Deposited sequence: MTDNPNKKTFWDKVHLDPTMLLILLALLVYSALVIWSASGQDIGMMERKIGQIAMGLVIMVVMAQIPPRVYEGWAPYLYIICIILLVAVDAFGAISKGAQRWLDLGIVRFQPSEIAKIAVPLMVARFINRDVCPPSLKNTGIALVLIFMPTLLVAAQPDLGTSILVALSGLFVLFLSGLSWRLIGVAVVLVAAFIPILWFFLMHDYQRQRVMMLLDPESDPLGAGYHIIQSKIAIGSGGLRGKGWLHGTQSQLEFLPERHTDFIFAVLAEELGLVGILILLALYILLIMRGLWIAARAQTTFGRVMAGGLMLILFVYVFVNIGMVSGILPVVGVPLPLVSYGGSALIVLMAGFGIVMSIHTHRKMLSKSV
């Protein structure tokens, strides 16, 4: 009963430490043996651990109580950043909107009320998605899906989901016939097909595919030490760090990384299903599902199937904001897990 006293989850902390060590080694490989970048990455990891532990202390009831204020300040500062033409606060958005959504759900009937509550939640969503999509679309998808998972887990009626799916699937062909004007549809095809149009947007994706094919076999390919050819694709240490991982570790490295990511997701959902109050029941689920969205979006990026989108791989890359926000999510999850009654 020591970890609970510290308000930390041993299993999540251990898996996250293993994944952080693996990320450190991968960055060493992908940094060109750069001492400064490795020092900065270790500093970012330490800051992430500290913020995770700090966030794991404040009780979930405080999270529910302050969710309205955090959401309000986040929306105000997103309106600010969208205005004036500082630090990109989308991380605050994707850690805040699930909180506000979970609070609003918790303050209503057990399953959400059709077009009485779900409409309110989606209306909370739309300003956030609009503000986080006006500058760029990448983080907007994450911001939406993160709390759409909260709504889905809250008990959103399958009737509404099916109706929406049917309506969108009926509107797409109409968009595919009446709104198929030549250059709009051509641009849509270009965006949808990354590997297409080489030498441009698809240039780096094709280089990444060549990288993953080369030394990507289950035979581990060439191992570690930057014994690779991965400066063909720039920013090999931030976005295509998965390309570096593949080319320098084979298929086994990718499988191990994905196994760690799925283990983290399973533990998070397992402790979310045990949360007493519905707010913490759905918040942890939303956080874990958005983490998997990160993983899948980035791996599809590098393997060359999803459109072009700037979603850094979770906590295995160079960059603090994404690391610290994921760590804060994990801290919220552990607080929910340990505070219990």
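The chain's deposited sequence has unresolved stretches at 1 to 8, 94 to 108, 365 to 370, with no C-alpha coordinates there.
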